[PDB]
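Written out below as structure tokens is the structure these notes cover.
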Amino acid sequence: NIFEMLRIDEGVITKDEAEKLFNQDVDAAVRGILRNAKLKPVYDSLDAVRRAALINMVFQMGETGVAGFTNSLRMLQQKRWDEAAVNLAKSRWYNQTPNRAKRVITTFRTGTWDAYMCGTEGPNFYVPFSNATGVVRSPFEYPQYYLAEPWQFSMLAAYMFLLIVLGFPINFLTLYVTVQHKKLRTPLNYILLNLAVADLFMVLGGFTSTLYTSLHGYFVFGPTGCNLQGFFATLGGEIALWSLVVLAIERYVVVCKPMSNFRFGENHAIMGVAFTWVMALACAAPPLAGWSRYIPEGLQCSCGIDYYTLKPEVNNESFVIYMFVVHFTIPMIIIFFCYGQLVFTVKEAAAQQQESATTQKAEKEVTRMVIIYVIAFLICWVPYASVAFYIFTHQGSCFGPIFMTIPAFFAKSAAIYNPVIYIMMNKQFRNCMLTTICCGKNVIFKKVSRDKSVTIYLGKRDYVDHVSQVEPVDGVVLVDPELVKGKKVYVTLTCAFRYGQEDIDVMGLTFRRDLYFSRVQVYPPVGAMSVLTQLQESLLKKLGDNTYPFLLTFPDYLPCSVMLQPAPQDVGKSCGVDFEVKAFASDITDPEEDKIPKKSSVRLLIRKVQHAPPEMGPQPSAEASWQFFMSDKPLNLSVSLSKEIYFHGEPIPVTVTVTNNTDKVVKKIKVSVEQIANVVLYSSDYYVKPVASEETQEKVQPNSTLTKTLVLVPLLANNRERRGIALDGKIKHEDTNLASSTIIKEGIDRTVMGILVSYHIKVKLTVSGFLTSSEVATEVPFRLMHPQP
Amino acid sequence: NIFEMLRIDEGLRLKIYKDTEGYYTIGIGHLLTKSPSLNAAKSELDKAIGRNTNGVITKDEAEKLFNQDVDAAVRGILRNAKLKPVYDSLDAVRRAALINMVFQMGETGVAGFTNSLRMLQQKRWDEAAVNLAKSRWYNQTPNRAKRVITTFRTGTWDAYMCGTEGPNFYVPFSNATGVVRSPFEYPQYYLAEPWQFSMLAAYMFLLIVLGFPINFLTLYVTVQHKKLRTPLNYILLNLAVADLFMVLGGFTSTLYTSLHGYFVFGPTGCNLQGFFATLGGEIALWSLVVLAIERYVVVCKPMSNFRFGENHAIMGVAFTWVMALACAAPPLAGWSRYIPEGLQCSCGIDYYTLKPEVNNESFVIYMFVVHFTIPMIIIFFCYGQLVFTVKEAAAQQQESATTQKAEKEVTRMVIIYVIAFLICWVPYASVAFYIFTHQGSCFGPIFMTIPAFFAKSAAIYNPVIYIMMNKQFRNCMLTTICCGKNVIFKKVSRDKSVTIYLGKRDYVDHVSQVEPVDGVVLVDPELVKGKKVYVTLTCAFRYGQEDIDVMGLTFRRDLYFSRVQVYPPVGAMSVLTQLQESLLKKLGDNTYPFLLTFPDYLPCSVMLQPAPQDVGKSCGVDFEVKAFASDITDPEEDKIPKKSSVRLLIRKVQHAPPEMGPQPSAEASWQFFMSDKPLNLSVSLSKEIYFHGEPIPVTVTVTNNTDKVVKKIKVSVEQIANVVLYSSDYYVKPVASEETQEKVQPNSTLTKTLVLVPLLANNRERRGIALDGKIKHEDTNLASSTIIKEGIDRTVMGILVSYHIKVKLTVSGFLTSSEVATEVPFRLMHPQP
């Protein structure tokens, strides 16, 4: 428009303030035009475009200068464009400023904004430089040294060289190391591996081609090569982007919800990598096939997406909006929500148990990484989005080649520093690459350590949990005086919640949560215990002189030993709670536990099992009635069981009694022993699943009653090869039974974390109504536990 | 002689007494002291006797005091010049008569007799007696003097004969007064008081009223009920017949005579009464001997239950009758005699009067020694070894409470059996022995009645202990006295309350672990309310008839028993099998599972084959799973309700193991008494484990280097039946046998292979053949070879079975034939299905 016209032509206050000073001159000049008797009729006759051209003349020369033009203003008023321009071209004004005048003179002839060219447009390219001097040539043919200094092309060659030397080894090593080591290949790392592949496409497809062209100073490969280079450069950047989005989603869902660790197998990881490739191709492909275009950007060396030149033939407006809104804002919102809720959950969880120092070290290291993840994301993509936005809002202004290079610097730098933060700073990949870079290197019972210095003793594995008080751990530890000299032996009780692989979760960001941990001294003691047990006395007399006792107690707010059943195809997936008694020697004071000298330590797992109590609860008898949308008649149902507490391998007779007073017919009566798997770690998440189920084919008629008793036998054998089934904690890969019903102590202070279990008989009536089938159902709770031996 | 003379005349007083003179005198006229003090008499008495007598001395001590007087008086006679030549002139008998005179009157009194002592020295007996009879001495004590005066005349002890002898009888009373008459003619009221004859009538009446019904009912009840008629009860029936002979033959006749007071029937009737009385008593005695022998052999050895048919029981009753007639008949035909005993009412054997015409000495010795010692030795040995066996057996498995109640009941009965036997026959034996040792002494009629009381009482109380206290006969007589009154499969009870379910009957026995019993039991809530249902595993050894064995003493032995509860259970079952889960889903809500396991020390299910004629004979091991309802707590297993209980038998069968043992190859050499050359024999089989119905090639190889010729070569598949219950008792038997007619020459070798086919069909109609346990009277096969686990703690009771190939060489030696033989073991079992 008029403001953009004079800004290009004519050339401390702000730019917006200068625009207002200009608008005052526009207002003042237009008044001056309408005042002069010679200028007013010409202004009224001419169109908005030629009016702005007249204002340009009135701006510089003034009303005085423009008023002197008799013949031209006559010919302009009479719609004679050529001879007006001829008279103008032969004047002092064209001689004074032939750059400015030639553009205005052509405007008077054409009557269109064709003359007003910022840069030099082309069929397959856009050079951000004026061809008024007559120096602009094709980027696909001749050198581009007129844009910027020749040494800056050597700088681009040196820069792209730096990206290849840093970029290729890091990403190639990431994949190479993964092929060697089995430890790394896990579904969560699949998305991190996709990030490595994405960055490799930026190196081979993008930077090496940009290097070759930067040396010559122009794009040698032509339009075809520019399309393919720009395609791989975009694809590499977009796959890298959406890889980080998927990684954020994964890390939020997998960490916060422990059940999802089982869920996320290889097929889900493939879907994440697939989605990454689909979203990348969704925005990378259209530039080739019409919607937008790949052209040489900046110095006309690197090819990229056209987000500056508004070409409605290829439709850049809608593409830049589509790109900006979706590919910028949505990842930002998703990633900030993901890691934001992640840190929110961890900070609240860390504050919940401040006694555990290990969680505080984790929470700190996570929050430090999340701040760096955000900084890396913003530094990468904000330059492109901000410049593209500023170019879109201010379209009339001109923009140089080096200005477009600044976003390209930070974005292509992300090809380097994203592997640093997401792969190199990752704890596992750091230790795995350390190995590769350095060429491969860098009755009563007991258990003996590996070094055979410390030897732990325990009376039993299965420790009982009574509702009021828990049965404590009791035992002794034999020590070698010669080996353990000037050292501290500690006996430790450990309760742990385990989810996922040990190497994969600990290394990524934060590790498995410990529900309760307890350290205790042994050799030498300050003296702890009041009086010793019969077990400790017997062991002291049996064993030699270097034997020392210990007594580790459980508090009242812990869960039982419970694991979850994996499928047979799930080879590398495990989640479950388990207790661990461990003893070790060390030089260091009390707080040095999390990290361990491996050789001296010895560990032996135990269980906090709950037997069924002597008092059986009240005989379960649920009852519920129903109505329907048309028929208002009642349908009374009453369920009743034999016992409140059933035992393992016991028949469960469900005496259902249904009295039908409604018009509808019932199709069938199905009973199901459904187990509620209530999983608790960070948040309360219930998970229902059926275990055993039996259904009768009998039908209840209108105004007819029925009394049937169906027996159900919930067993592990029939429920084998199923995901999510909670079992009692196994000792060492041996056969077990279905998980016991967890009992919680009445009116306790702290919340009970861990895997809680409860069973219930759920009868459901398939009622044959008016195509649609109404399924009414009711539940009644019961317990499945072991008997008292 | 002399001691018996003065004991009858002067009278033997044990305690200190004042004589006619009023001096302290003890024993047979043995003075103590002249002082009025009693302790002075005690002083000389205590010093003479040699202990604290306190006036009381034994009869034998009084005899020694008398012998001192005999010695002292004889010295006094020899001191006197008038008495010495008379003492020297007379014989031992008349010397004792003189000592009698010297005892009472003293040396002073006898010294005065001038004329008599002259005539006695001159061998003039009659006028001496006339002179002695005309003295103060005959006037003083004509009872005593008349006996001594007659002794001087005769020179025999006829005056001093205790009782009154006769042709057909012996009365234990003196005929010196002149009151004794024949027991076959006149009353005997002079012997004892008339009311004691009425007592005998009342006593014999009591024996008839108690004796006849008990023994007659025993036989009457047996004729009615089929259950009782069994070989073991045959000897108990013989006891009833024996006691009936004592009633009809003995007591009724004794009753008739006791009322009159003398034996009315004469010598002929006395012989017949005494014959039946002895016969009834002796058949009763030897019946108890046979009963003791039977009960020892039958109980301790389970195999003998089969053996004891009617013919062996008849031999026992026959032997009883033969031994009875062996001692009952001779009194009739000369050796001893039947005469009226005691009060001369009851007739019995003469064991008191020594009559060498009928030879009572040899008879009383023959009877006493044989009929007392042989039952005593046999019966005490029988019941002694029986209780010894049962007490040791009860201690072997104290876990079984049922055996402890039996062992207690047994020991209680055996003590009573001994007490009843001793109380019966000891009185007769002790009195007869005492009479034989002391023949010179007198014995009254009531003294002889005391043994007769206890022996005839045994006619009553033996039926009480042996028949009435017997468990079967007690329940059988109760009926008569009260007039006639007083794929998976399952089995339902009689009342149809409890219903047991089991997957299979044949449970397998592997050597290491036994396959356990698995199943469920359906229960009715309405019928079984406030009751306790138990499922029970029972392993049992059975021998003999079911009713008879409980009655004798103790019942069949259970090898192993284990009961288990069901409704309601302590909790539930830990983990269920596919069978229990399937049955629970098929059946309704009131179904409860059970799992009964076998230990490693039990045998297999094995029975023994009976003969076709053996209709009522059975012995064999079998397993029984039983379920029942009851009101009572756990230990009330011993008794069960017949209606609520339901039982289903099973087997602990052993299949042949997958890996066969080493190829059997036995070898043995032989020598002979004359020829010292070796005869090497070597046997070899195809397999260690043969199966049922498989050919058994016995490749015999005989290398003869001896001078003798072999007659033939016989091979035999022998079944060793090792039966163990109380003691280890092996029982060998052949099953299959084949023999070749070929002969091995001197210095010649032979290699032959004979095949043998052991089958049940060929071995039918044979006693003692062990078979695999039948389910329900169906066809089976020969018993499987039993396998025992290595190095177990407890001993394996039950019927163990094993097979071996026994080759025997009939060697034609120097008419006489030597039969050498060797064995090699093998197994006969079923294949793995």
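Quick note on naming: the chains in the structure tokens go A, B, ... in the order shown, residues restart at 1 in each chain, and ligands are numbered from 1 in order of appearance.
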Margin query: Show me, as a PyMOL selection string, the residues that have an atom within 6 Å of segment 414-424 of chain B when counting only C-alpha atoms, minus same-chain residues fewer than 5 positions from it.
Written below: chain B and resi 454-455+458
Item checked: Contact residues around residue 582 of chain A with only C-alpha atoms at 7 Å, ignoring same-chain residues under 6 positions, as a list in words -> residues 491, 492, 493, 602, 603 and 604 of chain A
Checklist line | chain A contacts to chain B at 7 Å (only C-alpha atoms) as a PyMOL selection string | finding: chain A and resi 647-650+653+711+787
Please dump the current selection as a PDB file, in the first residue's frame; keep N, CA and C atoms.
ATOM      1  N   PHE A 647     -11.704 -69.001  50.460  1.00  0.00           N
ATOM      2  CA  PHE A 647     -10.298 -69.410  50.370  1.00  0.00           C
ATOM      3  C   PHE A 647      -9.942 -69.847  48.942  1.00  0.00           C
ATOM      4  N   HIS A 648      -8.650 -70.040  48.692  1.00  0.00           N
ATOM      5  CA  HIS A 648      -8.158 -70.413  47.367  1.00  0.00           C
ATOM      6  C   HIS A 648      -8.485 -71.862  47.018  1.00  0.00           C
ATOM      7  N   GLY A 649      -9.065 -72.067  45.838  1.00  0.00           N
ATOM      8  CA  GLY A 649      -9.468 -73.389  45.390  1.00  0.00           C
ATOM      9  C   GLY A 649     -10.781 -73.859  45.990  1.00  0.00           C
ATOM     10  N   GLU A 650     -11.545 -72.920  46.542  1.00  0.00           N
ATOM     11  CA  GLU A 650     -12.843 -73.213  47.147  1.00  0.00           C
ATOM     12  C   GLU A 650     -13.982 -72.926  46.166  1.00  0.00           C
ATOM     13  N   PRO A 653     -20.558 -70.789  45.707  1.00  0.00           N
ATOM     14  CA  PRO A 653     -21.963 -70.868  45.303  1.00  0.00           C
ATOM     15  C   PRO A 653     -22.683 -69.527  45.405  1.00  0.00           C
ATOM     16  N   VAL A 711     -22.283 -72.231  40.853  1.00  0.00           N
ATOM     17  CA  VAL A 711     -20.978 -72.341  41.497  1.00  0.00           C
ATOM     18  C   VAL A 711     -19.883 -71.850  40.556  1.00  0.00           C
ATOM     19  N   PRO A 787      -5.599 -70.080  54.101  1.00  0.00           N
ATOM     20  CA  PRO A 787      -6.012 -70.505  55.443  1.00  0.00           C
ATOM     21  C   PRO A 787      -4.868 -70.444  56.452  1.00  0.00           C
TER      22      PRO A 787
END
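Here atom CA of residue 506 of chain A stands at a distance of 8.0 Å from atom CA of residue 427 of chain A.
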Next item on the list: Could you give me the residues within segment 389-526 of chain A that DSSP places in helix (DSSP H, G or I), as a VMD selection string?
Entry: chain A and resid 389 to 393 401 to 424 427 to 437 502 to 508
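Distances to residue 793 of chain B were evaluated for B:599, B:167, B:678, B:746 using only C-alpha atoms, and the minimum falls at B:599.
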Next item on the list: Pick out the closest residue to residue 724 of chain B from this set: B:620, B:410, B:461, B:333. Count only C-alpha atoms.
Entry: B:620
Note to self: Residues within 10 Å of segment 518-529 of chain A, please, as a ChimeraX atom specification. Count only C-alpha atoms; anything in the same chain fewer than 5 positions from it doesn't count.
What the structure shows: /A:356,476-479,484,487-495,546-554,581-583,585,590-591,593
Suppose we keep N, CA and C atoms; can you now write the selection as a PDB file, in the first residue's frame?
ATOM      1  N   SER A 356      12.557 -40.085  52.483  1.00  0.00           N
ATOM      2  CA  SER A 356      13.397 -40.758  51.500  1.00  0.00           C
ATOM      3  C   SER A 356      14.239 -39.733  50.746  1.00  0.00           C
ATOM      4  N   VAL A 476      20.522 -63.045  61.645  1.00  0.00           N
ATOM      5  CA  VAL A 476      21.884 -62.641  62.018  1.00  0.00           C
ATOM      6  C   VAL A 476      22.768 -62.464  60.786  1.00  0.00           C
ATOM      7  N   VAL A 477      23.955 -61.897  60.984  1.00  0.00           N
ATOM      8  CA  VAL A 477      24.920 -61.715  59.906  1.00  0.00           C
ATOM      9  C   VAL A 477      26.333 -62.092  60.346  1.00  0.00           C
ATOM     10  N   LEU A 478      26.910 -63.074  59.658  1.00  0.00           N
ATOM     11  CA  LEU A 478      28.285 -63.504  59.893  1.00  0.00           C
ATOM     12  C   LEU A 478      29.240 -62.605  59.118  1.00  0.00           C
ATOM     13  N   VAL A 479      30.334 -62.209  59.764  1.00  0.00           N
ATOM     14  CA  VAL A 479      31.290 -61.270  59.182  1.00  0.00           C
ATOM     15  C   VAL A 479      32.727 -61.777  59.329  1.00  0.00           C
ATOM     16  N   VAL A 484      36.616 -57.407  56.574  1.00  0.00           N
ATOM     17  CA  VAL A 484      35.926 -56.231  57.084  1.00  0.00           C
ATOM     18  C   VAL A 484      36.722 -55.673  58.259  1.00  0.00           C
ATOM     19  N   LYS A 487      35.656 -50.893  58.595  1.00  0.00           N
ATOM     20  CA  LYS A 487      34.469 -50.753  57.755  1.00  0.00           C
ATOM     21  C   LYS A 487      33.181 -50.821  58.572  1.00  0.00           C
ATOM     22  N   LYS A 488      32.073 -50.469  57.929  1.00  0.00           N
ATOM     23  CA  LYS A 488      30.757 -50.469  58.553  1.00  0.00           C
ATOM     24  C   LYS A 488      29.831 -51.444  57.846  1.00  0.00           C
ATOM     25  N   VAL A 489      29.431 -52.497  58.557  1.00  0.00           N
ATOM     26  CA  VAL A 489      28.452 -53.427  58.000  1.00  0.00           C
ATOM     27  C   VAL A 489      27.064 -52.937  58.403  1.00  0.00           C
ATOM     28  N   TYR A 490      26.155 -52.864  57.427  1.00  0.00           N
ATOM     29  CA  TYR A 490      24.774 -52.436  57.658  1.00  0.00           C
ATOM     30  C   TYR A 490      23.800 -53.543  57.284  1.00  0.00           C
ATOM     31  N   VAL A 491      22.852 -53.855  58.195  1.00  0.00           N
ATOM     32  CA  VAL A 491      21.712 -54.678  57.725  1.00  0.00           C
ATOM     33  C   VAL A 491      20.541 -53.757  57.392  1.00  0.00           C
ATOM     34  N   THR A 492      19.913 -53.994  56.218  1.00  0.00           N
ATOM     35  CA  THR A 492      18.893 -53.120  55.641  1.00  0.00           C
ATOM     36  C   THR A 492      17.617 -53.798  55.260  1.00  0.00           C
ATOM     37  N   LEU A 493      16.516 -53.196  55.762  1.00  0.00           N
ATOM     38  CA  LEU A 493      15.237 -53.773  55.150  1.00  0.00           C
ATOM     39  C   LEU A 493      14.792 -52.871  54.001  1.00  0.00           C
ATOM     40  N   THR A 494      14.289 -53.475  52.892  1.00  0.00           N
ATOM     41  CA  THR A 494      13.858 -52.721  51.709  1.00  0.00           C
ATOM     42  C   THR A 494      12.522 -53.160  51.177  1.00  0.00           C
ATOM     43  N   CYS A 495      11.554 -52.214  51.281  1.00  0.00           N
ATOM     44  CA  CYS A 495      10.311 -52.578  50.458  1.00  0.00           C
ATOM     45  C   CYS A 495      10.302 -51.821  49.143  1.00  0.00           C
ATOM     46  N   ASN A 546      31.896 -64.235  65.327  1.00  0.00           N
ATOM     47  CA  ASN A 546      31.695 -63.035  64.510  1.00  0.00           C
ATOM     48  C   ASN A 546      30.275 -62.893  63.956  1.00  0.00           C
ATOM     49  N   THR A 547      29.296 -63.343  64.732  1.00  0.00           N
ATOM     50  CA  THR A 547      27.896 -63.286  64.331  1.00  0.00           C
ATOM     51  C   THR A 547      27.160 -62.185  65.092  1.00  0.00           C
ATOM     52  N   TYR A 548      26.416 -61.355  64.359  1.00  0.00           N
ATOM     53  CA  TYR A 548      25.703 -60.230  64.970  1.00  0.00           C
ATOM     54  C   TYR A 548      24.230 -60.204  64.544  1.00  0.00           C
ATOM     55  N   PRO A 549      23.306 -60.042  65.507  1.00  0.00           N
ATOM     56  CA  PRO A 549      21.868 -60.086  65.212  1.00  0.00           C
ATOM     57  C   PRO A 549      21.277 -58.786  64.680  1.00  0.00           C
ATOM     58  N   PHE A 550      20.082 -58.886  64.098  1.00  0.00           N
ATOM     59  CA  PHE A 550      19.323 -57.714  63.674  1.00  0.00           C
ATOM     60  C   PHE A 550      17.821 -58.007  63.707  1.00  0.00           C
ATOM     61  N   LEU A 551      17.041 -56.950  63.946  1.00  0.00           N
ATOM     62  CA  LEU A 551      15.588 -57.049  63.999  1.00  0.00           C
ATOM     63  C   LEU A 551      14.945 -55.890  63.224  1.00  0.00           C
ATOM     64  N   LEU A 552      14.379 -56.196  62.058  1.00  0.00           N
ATOM     65  CA  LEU A 552      13.767 -55.176  61.199  1.00  0.00           C
ATOM     66  C   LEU A 552      12.244 -55.289  61.201  1.00  0.00           C
ATOM     67  N   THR A 553      11.561 -54.206  61.559  1.00  0.00           N
ATOM     68  CA  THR A 553      10.107 -54.215  61.706  1.00  0.00           C
ATOM     69  C   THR A 553       9.402 -53.520  60.548  1.00  0.00           C
ATOM     70  N   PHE A 554       8.188 -53.972  60.250  1.00  0.00           N
ATOM     71  CA  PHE A 554       7.336 -53.336  59.250  1.00  0.00           C
ATOM     72  C   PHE A 554       6.352 -52.390  59.929  1.00  0.00           C
ATOM     73  N   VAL A 581      15.427 -58.000  51.883  1.00  0.00           N
ATOM     74  CA  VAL A 581      16.381 -57.831  52.975  1.00  0.00           C
ATOM     75  C   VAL A 581      17.791 -57.893  52.404  1.00  0.00           C
ATOM     76  N   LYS A 582      18.573 -56.836  52.610  1.00  0.00           N
ATOM     77  CA  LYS A 582      19.920 -56.761  52.048  1.00  0.00           C
ATOM     78  C   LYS A 582      20.935 -56.351  53.105  1.00  0.00           C
ATOM     79  N   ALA A 583      22.128 -56.935  53.032  1.00  0.00           N
ATOM     80  CA  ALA A 583      23.216 -56.600  53.943  1.00  0.00           C
ATOM     81  C   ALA A 583      24.494 -56.319  53.161  1.00  0.00           C
ATOM     82  N   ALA A 585      28.726 -54.167  53.290  1.00  0.00           N
ATOM     83  CA  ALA A 585      29.798 -53.481  54.002  1.00  0.00           C
ATOM     84  C   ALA A 585      30.226 -52.244  53.228  1.00  0.00           C
ATOM     85  N   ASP A 590      26.127 -43.276  56.916  1.00  0.00           N
ATOM     86  CA  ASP A 590      24.760 -43.770  56.710  1.00  0.00           C
ATOM     87  C   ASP A 590      24.093 -43.427  55.358  1.00  0.00           C
ATOM     88  N   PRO A 591      24.180 -42.168  54.891  1.00  0.00           N
ATOM     89  CA  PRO A 591      23.390 -41.766  53.716  1.00  0.00           C
ATOM     90  C   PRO A 591      23.884 -42.272  52.345  1.00  0.00           C
ATOM     91  N   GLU A 593      23.563 -45.008  50.608  1.00  0.00           N
ATOM     92  CA  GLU A 593      22.981 -46.315  50.263  1.00  0.00           C
ATOM     93  C   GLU A 593      22.580 -46.575  48.791  1.00  0.00           C
TER      94      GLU A 593
END
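We find atom CA of residue 328 of chain B and atom CA of residue 285 of chain B to be spaced 12.7 Å apart.
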Check: Counting only C-alpha atoms, what is within 10 Å of segment 761-767 of chain B, bar same-chain residues fewer than 4 positions away, as a count of residues only?
Finding: 15
Note to self: Give me the residues near segment 183-195 of chain A as a VMD selection string, where near means some atom within 9 Å (using only C-alpha atoms) and where sequence neighbours in that chain fewer than 2 positions away do not count.
What the structure shows: chain A and resid 171 174 to 175 177 to 179 181 197 to 200 236 239 to 244 246 to 247 250 to 251 264 to 270 272 to 273 276 418 to 419 422 to 423 428 to 429 432 501 503 to 504 572
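Among B:5, B:465, B:235, B:627, the residue with the shortest atom-to-atom distance to residue 144 of chain B, counting only C-alpha atoms, is B:5.
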Notebook entry, point to check: Got a sec: who's within 7 Å of residue 826 of chain B, counting only C-alpha atoms, leaving out chain neighbours fewer than 2 positions off, as a list in words?
Noted result: residues 688, 689, 803, 804, 824 and 828 of chain B
Item checked: Between atom CA of residue 167 of chain A and atom CA of residue 424 of chain A, distance in Å (one decimal) -> 12.4 Å
Check: Which neighbours of residue 66 of chain A fall inside 12 Å, counting only C-alpha atoms, when residues of the same chain fewer than 2 positions from it are skipped, and could you give them as a count of residues only?
Finding: 28
Next item on the list: Write down as a ChimeraX atom specification the residues belonging to segment 328-571 of chain B that are assigned strand (DSSP E or B) by DSSP computed on the backbone.
Entry: /B:338-341,346-349,489-492,498-502,506-509,514,517-523,532-543,560-567
